[PDB]
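Enquirer: Please find the sequence and an experimentally derived structure below.
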Amino acid sequence: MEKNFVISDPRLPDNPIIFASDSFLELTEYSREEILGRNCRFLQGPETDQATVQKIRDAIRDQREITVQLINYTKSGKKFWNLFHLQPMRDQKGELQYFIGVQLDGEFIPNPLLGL
Ligand SMILES: Cc1cc2nc3c(=O)[nH]c(=O)nc-3n(C[C@H](O)[C@H](O)[C@H](O)COP(=O)(O)O)c2cc1C
């Protein structure tokens with residue numbers, strides 16, 4: 001199955017990417033060496049809704065799952081809608097270990113309705 005996802009380590013500064021799937025690199029047009037060690041906010045750009053970004057920030061803080069749809073950008077500046085799902089991962093002791101983020105490319109929710 002095709003699967004776009006990245007894994008970050010929130011126990012390192014600014015929650016860097018430590019793994020990115022091959023399909024994620026295909027979707028975003030970045031190479032792995034460009035991405036490792038970066039926060040995934042590099043996919044955002046001028047048309048990204050800051051109110052939606054704030055929902056993600058809150059979800060990270062509370063370590064809760066969240067799904068939002070937002071505009072992201074490829075390396076070449078192509079805009080794509082991203083139905084983005086964030087999932088905390090905990091170790092056996094219940095301590096946060098990783099976050100996984102999964103991206104689905106498509107305008108699933110029409111933008112006029114998303115605007116509401
Ligand atoms: C594992 C993971 C994957 C993420 N994937 C995306 C993504 O695909 N697109 C996106 O716009 N933001 C993504 N983010 C969110 C940004 O990295 C960042 O958390 C968000 O912009 C809010 O934090 P900031 O206000 O410090 O930028 C992801 C975050 C994590 C932890």
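Expert: Everything's here; your move. Numbering: from 1, shown residues only.

Enquirer: Helix or strand next in line after the strand or helix carrying residue 98, which one?
Expert: Using DSSP states H and E, residue 98 sits in strand 96-105. Counting by DSSP H and E, the next helix or strand C-terminal to strand 96-105 is helix 111-114.

Enquirer: Restricting to C-alpha, output that following helix in CSV.
Expert: Extracted as CSV, the C-alpha positions of helix 111-114 are listed here (Å, rounded to 0.1, in the frame of the first residue of the first chain):
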residue,chain,number,x,y,z
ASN,A,111,-12.8,24.6,0.5
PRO,A,112,-16.0,26.6,0.8
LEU,A,113,-17.2,24.3,3.6
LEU,A,114,-13.8,24.2,5.2
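
Enquirer: Which residues does that helix contact?
Expert: Applying C-beta atoms under 8 Å, 6 or more residues apart in numbering, the contact partners of helix 111-114 are residue 69. (C-beta placed from N, C-alpha, C; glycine too.)

Enquirer: quick one: buried residues of it?
Expert: When burial is assessed from 16 or more other C-beta atoms under 10 Å, helix 111-114 yields no buried residues.

Enquirer: Report the angle between the longest helix seen in the chain and strand 96-105.
Expert: Secondary structure of the chain per DSSP state H: the longest helix is helix 50-62. Per axes from the mean of the first three to the mean of the last three C-alpha atoms, to 10 degrees, the angle that helix 50-62 makes with strand 96-105 is 150 degrees.

Enquirer: What helices and strands are in contact with helix 50-62?
Expert: In terms of contacts (3 or more C-beta pairs under 8 Å, 6 or more residues apart in numbering; DSSP states H and E), helix 50-62 is packed against strand 66-73, strand 79-90.

Enquirer: Of those, flag the one that's most buried.
Expert: Burial of the helices and strands packed on helix 50-62 is given as mean neighbour count (mean count of other C-beta atoms under 10 Å); strand 66-73 ranks first at a mean of 18.
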